[PDB]
Amino acid sequence: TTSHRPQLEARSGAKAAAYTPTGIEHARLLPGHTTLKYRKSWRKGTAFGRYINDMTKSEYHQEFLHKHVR
Amino acid sequence: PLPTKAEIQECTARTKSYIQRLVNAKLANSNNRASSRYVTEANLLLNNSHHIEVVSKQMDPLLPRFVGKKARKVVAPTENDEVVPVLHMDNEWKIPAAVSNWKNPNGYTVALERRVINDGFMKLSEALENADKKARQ
Amino acid sequence: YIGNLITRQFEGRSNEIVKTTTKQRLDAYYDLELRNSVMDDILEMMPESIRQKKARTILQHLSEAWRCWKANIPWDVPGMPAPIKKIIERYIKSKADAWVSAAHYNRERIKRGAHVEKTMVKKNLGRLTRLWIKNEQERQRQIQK
Amino acid sequence: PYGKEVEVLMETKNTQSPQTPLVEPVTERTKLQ
Amino acid sequence: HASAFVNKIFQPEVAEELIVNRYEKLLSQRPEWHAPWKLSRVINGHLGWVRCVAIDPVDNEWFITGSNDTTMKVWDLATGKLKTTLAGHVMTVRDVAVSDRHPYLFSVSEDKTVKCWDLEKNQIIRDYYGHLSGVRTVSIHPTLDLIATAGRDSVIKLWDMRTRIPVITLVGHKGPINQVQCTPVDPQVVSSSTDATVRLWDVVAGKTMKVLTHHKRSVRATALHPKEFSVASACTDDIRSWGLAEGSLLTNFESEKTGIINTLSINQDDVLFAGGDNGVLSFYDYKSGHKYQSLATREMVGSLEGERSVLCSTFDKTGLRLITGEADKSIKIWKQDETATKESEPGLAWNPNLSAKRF
Amino acid sequence: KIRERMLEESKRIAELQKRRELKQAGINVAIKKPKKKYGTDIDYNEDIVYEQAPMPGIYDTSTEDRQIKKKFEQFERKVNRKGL
Amino acid sequence: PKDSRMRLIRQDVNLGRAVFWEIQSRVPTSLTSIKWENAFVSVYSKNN
RNA sequence: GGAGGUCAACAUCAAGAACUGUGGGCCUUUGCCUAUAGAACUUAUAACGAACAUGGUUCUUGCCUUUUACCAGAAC
């Protein structure tokens with residue numbers, strides 16, 4: 001309780017601008033791609049013998065779910 | 001009008017020079033020795049007249065450089081006197097309060113009143129009753 | 001490595017540390033930006049100034065509407081204005097589409113044999129049970145109709 | 001659903017190869033090497 | 001005439017100051033004719049909302065669009081076919097921008113990242129780091145190898161493109177920034193946040209040239225005009241046009257009772273699109289302000305009622321073709337309807353309203 | 001938190017009780033301050049901590065400044081002698 | 001293996017698919033759903 | 001002047017089989033054609049190094065409680 005907040009702001013980038021920086025070198029800021037490119041009978045005995053834009057209401061979801069529930 | 005072909009060039013050159021000065025300073029303050037192969041390349045008069053010669057010093061490679069540098073937390077005084085005006089011009093939307101049946105964070109006791117055929121059926125059963133009477137006959 | 005260690009010795013830690021969005025904090029960041037996206041579109045519909053205490057009470061309908069979506073309970077609010085109910089119904093259909101797609105993708109990776117956590121398989125079973133019983137209820141409803 | 005003139009087309013596959021580039025490189029000198 | 005009758009009797013100190021003069025001039029002013037639009041083809045193929053679209057600024061053969069299923073797609077313009085797909089963000093792609101000087105696709109996303117795609121090999125080259133929350137905006141500088149990005153961070157970052165260093169950070173606003181436009185002369189970055197301001201930045205000095213405070217709510221969409229050196233800023237029903245290098249108010253657009261305006265676009269020959277959150281897409285003359293067509297997007301087969309809203313739009317390079325992406329996860333192309341003349345499809349007949357006192 | 005606020009309250013009362021007894025005895029123990037939990041933790045009687053000046057305008061505020069300064073100095077003296 | 005399994009010759013393919021056609025037609029769809037995707041037919045003859 | 005240096009600085013080292021300079025003509029400088037002078041080092045079962053390590057990003061896998069630390073193929 002009361003440690004569970006909906007964030008209702010954000011950390012302003014201006015708030016950390018007057019800080020004095022440190023100078024640790026990061027593994028993802030080493031030189032890489034230094035160059036820039038440029039553009040220029042027997043059948044008779046039987047009694048019976050003769051995209052909708054919603055994902056859950058589709059046929060893909062129904063074939064998935066009819067496969068995985070057995 | 002569109003801005004003329006000369007002002008595009010003057011603006012591009014002046015701002016390109018500024019961005020290159022900032023990039024050279026950021027690559028020259030780094031601890032990587034490899035960054036200084038990517039940079040692309042005094043006297044001042046202290047009074048009415050004194051003629052000094054500003055020289056730099058050669059520092060020890062092992063002792064820390066920028067010995068004042070440190071990680072600090074700073075607040076900035078937001079200071080202005082430009083007042084700027086806000087130049088504007090000159091029952092249906094009441095949203096009810098939210099009562100949920102899952103969560104009750106402050107643990108209140110909300111009012112208990114608040115929280116909480118087709119014809120084919122008949123035709124099928126009619127045909128089955130007719131089938132029953134037919135089989136008995 | 002030793003350059004970073006010794007500069008942490010002489011110079012503290014950088015206070016400016018930001019957090020990369022990884023697998024660990026993705027289901028939280030989706031929530032933060034979903035609710036910002038909803039609250040902007042609802043603040044623009046109002047003819048008044050909302051003054052800001054009301055906003056965090058408006059978003060409780062978004063949370064309740066998502067809980068009603070998961071449980072397949074229809075979510076009618078009796079005295080709700082019409083375009084605000086339309087906005088909430090729009091953003092919940094968005095969240096549910098991403099939810100259903102993620103359930104399908106993770107079940108395919110569970111079938112194929114890919115590496116997967118224990119918690120991810122429990123989460124995927126809990127997602128698919130909702131999807132199955134929702135299909136079952138709609139099948140019962142279309143039979144009765 | 002939109003009448004005769006307005007055509008709809010569902011699209012799920014890549015007609016171009018995923019390797020085939022979008023902006024094509026300019027080759028100055030013909031290399032026989 | 002009538003204004004002589006008013007001016008000789010009432011005697012304003014400035015004739016421009018009085019409201020009957022400023023209303024008689026608009027009736028005598030007579031705007032230009034433009035042709036009505038229509039729907040041409042509709043393209044399905046995303047798995048979420050179409051948040052953003054960009055066009056090839058050179059060859060005009062393909063248009064790319066990012067989306068809410070975290071993938072971008074390059075579609076053929078002329079036939080509508082899907083050429084290729086690009087993944088590499090984990091949350092949704094907010095804005096795409098293709099460079100005209102180098103073969104680079106700078107994409108921006110909600111997972112706090114900014115990426116640079118090569119279009120010669122279709123891979124990610126450069127990642128950028130520094131935004132505290134999810135960026136929603138990329139512009140590319142016309143002549144200086146920069147990127148300007150912005151998000152919920154409340155600042156604008158002007159990235160060097162080679163060393164990927166956040167070189168200049170513009171600290172002015174009081175909320176998330178919705179749009180950033182780059183400009184080659186000294187109002188070089190023009191931004192628009194959700195605190196109802198639009199700012200014109202001096203990027204060399206670091207401060208603001210001029211703050212424009214005329215809008216009442218969040219400014220969600222802006223646009224640069226290709227042949228004019230002026231900007232257009234949209235609000236919840238308030239579309240205005242502004243001059244750069246001074247900051248004037250050049251014209252107010254009669255844009256009332258249209259809802260939340262998500263996107264804007266400007267054709268070469270003074271057309272202004274303004275797609276809204278209520279599914280209504282309305283076309284304006286640029287120099288006048290007259291709204292000459294309104295349309296409604298019929299959404300889809302089993303869609304909802306709330307699911308029709310134009311979230312993004314652009315024009316073709318030749319300019320005769322409008323590309324919108326709506327909230328019903330679909331891409332719709334609009335066409336100038338070449339048949340109609342000035343007598344066949346006139347417009348909405350230009351009756352400016354002295355009431356609402358905005359004209 | 002309820003329990004800790006009540007206990008800190010009664011702890012302050014005892015801390016003032018002993019000072020009033022020593023004041024009756026004639027030995028004036030000044031009040032010790034709470035200690036800082038970190039190096040730049042801020043004491044709030046030393047300075048106005050983020051003092052923003054009201055950006056003066058066209059009108060003149062010398063005599064009203066003097067009248068306020070008189071009133072505040074007189075209030076502080078009255079609390080010193082008589083005790084609020 | 002390919003030598004082992006049913007060798008798809010026109011007469012036997014037509015025969016097996018025909019027998020499934022008849023058996024599918026003998027039962028209504030509303031009772032059960034018999035589909036070709038779920039079936040397997042195997043013909044022994046002079047070619048298999 | 002001559003030999004030498006476990007001395008320094010500055011150029012240069014992977015490309016239509018590939019270099020620079022000069023004169024003349026054509027276009028209007030760049031570029032094309034034509035005549036001429038020089039080219040050290042590296043390179044064709046292709047490269048300075050008859051030697052051979054590690055780091056980043058994105059794919060595809062392997063160990064499988066999660067992240068570092070990892071398994072081993074590809075592209076940049």
# chains A, B, ... in the order shown; residues from 1 in each chain; ligands from 1
>>> interface_residues(of="chain A", to="chain C", cutoff="10 Å", atoms="only C-alpha atoms", output="ChimeraX atom specification")
/A:5-9,13,15-17,19-27,54-57,61-62,64-66,68-69
>>> interface_residues(of="chain C", to="chain H", cutoff="12 Å", atoms="only C-alpha atoms (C1' of nucleotides)", output="VMD selection string")
chain C and resid 1 22 to 24 113 to 120
>>> residues_around(residues="range 15-27 of chain G", least_positions_apart="6", cutoff="12 Å", atoms="only C-alpha atoms (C1' of nucleotides)", output="PyMOL selection string")
(chain A and resi 42-50) or (chain G and resi 6+8-9+33-45)
>>> interface_residues(of="chain B", to="chain A", cutoff="8 Å", atoms="only C-alpha atoms", output="count of residues only")
14
>>> closest_atom_pairs(of="chain E", to="chain A", cutoff="7 Å", atoms="only C-alpha atoms", output="JSON lines")
{"residue": "E:101", "atom": "CA", "partner": "A:39", "partner_atom": "CA", "distance": 5.3}
{"residue": "E:102", "atom": "CA", "partner": "A:38", "partner_atom": "CA", "distance": 4.0}
{"residue": "E:103", "atom": "CA", "partner": "A:39", "partner_atom": "CA", "distance": 6.1}
{"residue": "E:132", "atom": "CA", "partner": "A:13", "partner_atom": "CA", "distance": 7.0}
{"residue": "E:152", "atom": "CA", "partner": "A:10", "partner_atom": "CA", "distance": 7.0}
{"residue": "E:153", "atom": "CA", "partner": "A:13", "partner_atom": "CA", "distance": 5.1}
{"residue": "E:154", "atom": "CA", "partner": "A:12", "partner_atom": "CA", "distance": 5.7}
{"residue": "E:155", "atom": "CA", "partner": "A:13", "partner_atom": "CA", "distance": 5.7}
{"residue": "E:162", "atom": "CA", "partner": "A:34", "partner_atom": "CA", "distance": 6.1}
{"residue": "E:171", "atom": "CA", "partner": "A:14", "partner_atom": "CA", "distance": 5.5}
{"residue": "E:300", "atom": "CA", "partner": "A:53", "partner_atom": "CA", "distance": 6.9}
{"residue": "E:301", "atom": "CA", "partner": "A:52", "partner_atom": "CA", "distance": 5.5}
{"residue": "E:302", "atom": "CA", "partner": "A:52", "partner_atom": "CA", "distance": 4.8}
{"residue": "E:303", "atom": "CA", "partner": "A:53", "partner_atom": "CA", "distance": 5.7}
>>> interface_residues(of="chain E", to="chain D", cutoff="7 Å", atoms="only C-alpha atoms", output="list in words")
residues 39, 40, 41, 42, 43, 44, 45, 82, 83, 84, 103, 119, 120, 121 and 122 of chain E
>>> atom_distance(atom1="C1' of residue 59 in chain H", atom2="CA of residue 123 in chain E")
10.3 Å
>>> closest_atom_pairs(of="chain B", to="chain F", cutoff="9 Å", atoms="only C-alpha atoms", output="tab-separated table")
residue	atom	partner	partner_atom	distance
B:75	CA	F:50	CA	8.9
B:77	CA	F:50	CA	7.9
B:78	CA	F:52	CA	8.8
B:79	CA	F:52	CA	8.4
B:80	CA	F:55	CA	8.2
B:81	CA	F:55	CA	6.7
>>> select_by_dssp(residues="chain C", states="helix (DSSP H, G or I)", output="MDAnalysis selection string")
chainID C and resid 2:11 26:43 52:58 60:70 82:112 118:144
>>> interface_residues(of="chain H", to="chain D", cutoff="12 Å", atoms="only C-alpha atoms (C1' of nucleotides)", output="PDB file with N, CA and C atoms (P, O5', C5', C4', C3', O3' and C1' of nucleotides), in the first residue's frame")
ATOM      1  P     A H  15      41.097  -1.017 -51.598  1.00  0.00           P
ATOM      2  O5'   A H  15      41.651   0.282 -52.324  1.00  0.00           O
ATOM      3  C5'   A H  15      40.863   1.007 -53.251  1.00  0.00           C
ATOM      4  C4'   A H  15      41.442   0.931 -54.641  1.00  0.00           C
ATOM      5  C3'   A H  15      40.860  -0.172 -55.520  1.00  0.00           C
ATOM      6  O3'   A H  15      40.855   0.280 -56.867  1.00  0.00           O
ATOM      7  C1'   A H  15      43.172  -0.455 -55.365  1.00  0.00           C
ATOM      8  P     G H  16      39.711   1.271 -57.379  1.00  0.00           P
ATOM      9  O5'   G H  16      39.177   0.563 -58.694  1.00  0.00           O
ATOM     10  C5'   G H  16      40.071   0.152 -59.720  1.00  0.00           C
ATOM     11  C4'   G H  16      39.330  -0.567 -60.811  1.00  0.00           C
ATOM     12  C3'   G H  16      40.158  -1.462 -61.725  1.00  0.00           C
ATOM     13  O3'   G H  16      39.450  -2.671 -61.950  1.00  0.00           O
ATOM     14  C1'   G H  16      38.923   0.085 -63.013  1.00  0.00           C
ATOM     15  P     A H  17      40.152  -4.062 -61.612  1.00  0.00           P
ATOM     16  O5'   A H  17      41.184  -4.246 -62.804  1.00  0.00           O
ATOM     17  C5'   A H  17      42.451  -4.854 -62.609  1.00  0.00           C
ATOM     18  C4'   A H  17      43.517  -3.831 -62.313  1.00  0.00           C
ATOM     19  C3'   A H  17      44.492  -3.518 -63.443  1.00  0.00           C
ATOM     20  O3'   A H  17      44.994  -2.195 -63.261  1.00  0.00           O
ATOM     21  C1'   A H  17      45.673  -4.364 -61.624  1.00  0.00           C
ATOM     22  P     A H  18      44.661  -1.002 -64.273  1.00  0.00           P
ATOM     23  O5'   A H  18      44.256   0.175 -63.287  1.00  0.00           O
ATOM     24  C5'   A H  18      43.664  -0.162 -62.040  1.00  0.00           C
ATOM     25  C4'   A H  18      44.032   0.750 -60.901  1.00  0.00           C
ATOM     26  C3'   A H  18      45.468   1.219 -60.873  1.00  0.00           C
ATOM     27  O3'   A H  18      45.527   2.404 -60.092  1.00  0.00           O
ATOM     28  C1'   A H  18      45.095  -0.216 -59.054  1.00  0.00           C
ATOM     29  P     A H  44      52.429 -12.880 -53.760  1.00  0.00           P
ATOM     30  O5'   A H  44      51.582 -14.027 -54.456  1.00  0.00           O
ATOM     31  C5'   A H  44      50.166 -13.979 -54.392  1.00  0.00           C
ATOM     32  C4'   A H  44      49.517 -14.824 -55.449  1.00  0.00           C
ATOM     33  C3'   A H  44      50.347 -15.070 -56.703  1.00  0.00           C
ATOM     34  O3'   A H  44      49.943 -16.314 -57.276  1.00  0.00           O
ATOM     35  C1'   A H  44      48.381 -13.956 -57.289  1.00  0.00           C
ATOM     36  P     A H  46      44.982 -17.932 -52.192  1.00  0.00           P
ATOM     37  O5'   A H  46      45.937 -16.668 -52.165  1.00  0.00           O
ATOM     38  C5'   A H  46      45.570 -15.496 -51.467  1.00  0.00           C
ATOM     39  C4'   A H  46      46.593 -14.417 -51.680  1.00  0.00           C
ATOM     40  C3'   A H  46      46.399 -13.145 -50.887  1.00  0.00           C
ATOM     41  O3'   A H  46      46.881 -13.250 -49.563  1.00  0.00           O
ATOM     42  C1'   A H  46      46.792 -12.594 -53.124  1.00  0.00           C
ATOM     43  P     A H  75      30.686 -14.231 -43.138  1.00  0.00           P
ATOM     44  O5'   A H  75      29.803 -12.910 -43.093  1.00  0.00           O
ATOM     45  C5'   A H  75      28.709 -12.716 -43.975  1.00  0.00           C
ATOM     46  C4'   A H  75      27.898 -11.512 -43.572  1.00  0.00           C
ATOM     47  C3'   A H  75      28.683 -10.250 -43.279  1.00  0.00           C
ATOM     48  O3'   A H  75      29.098  -9.549 -44.431  1.00  0.00           O
ATOM     49  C1'   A H  75      27.105 -10.575 -41.581  1.00  0.00           C
TER      50        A H  75
END
>>> atom_distance(atom1="CA of residue 100 in chain B", atom2="CA of residue 304 in chain E")
25.2 Å
>>> residues_around(residues="residue 9 in chain B", least_positions_apart="2", cutoff="12 Å", atoms="only C-alpha atoms (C1' of nucleotides)", output="PDB file with C-alpha atoms, in the first residue's frame")
ATOM      1  CA  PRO B   3      15.427  31.614 -47.332  1.00  0.00           C
ATOM      2  CA  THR B   4      18.076  32.474 -49.928  1.00  0.00           C
ATOM      3  CA  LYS B   5      20.907  30.154 -51.010  1.00  0.00           C
ATOM      4  CA  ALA B   6      23.492  32.303 -49.202  1.00  0.00           C
ATOM      5  CA  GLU B   7      21.866  32.213 -45.769  1.00  0.00           C
ATOM      6  CA  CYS B  11      24.036  29.034 -41.249  1.00  0.00           C
ATOM      7  CA  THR B  12      25.372  25.608 -42.272  1.00  0.00           C
ATOM      8  CA  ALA B  13      29.009  26.694 -41.939  1.00  0.00           C
ATOM      9  CA  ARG B  14      28.633  28.515 -38.600  1.00  0.00           C
ATOM     10  CA  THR B  15      26.657  25.717 -36.977  1.00  0.00           C
ATOM     11  CA  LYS B  16      28.932  23.007 -38.450  1.00  0.00           C
TER      12      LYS B  16
ATOM     13  CA  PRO E 142      18.551  19.401 -44.129  1.00  0.00           C
ATOM     14  CA  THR E 143      22.280  20.245 -44.360  1.00  0.00           C
ATOM     15  CA  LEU E 144      24.214  19.369 -41.195  1.00  0.00           C
ATOM     16  CA  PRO E 184      18.013  25.112 -42.434  1.00  0.00           C
ATOM     17  CA  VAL E 185      18.188  28.781 -41.325  1.00  0.00           C
ATOM     18  CA  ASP E 186      18.384  30.234 -37.834  1.00  0.00           C
TER      19      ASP E 186
END
>>> interface_residues(of="chain B", to="chain C", cutoff="12 Å", atoms="only C-alpha atoms", output="ChimeraX atom specification")
/B:30-33,62-74,91-105,114-121
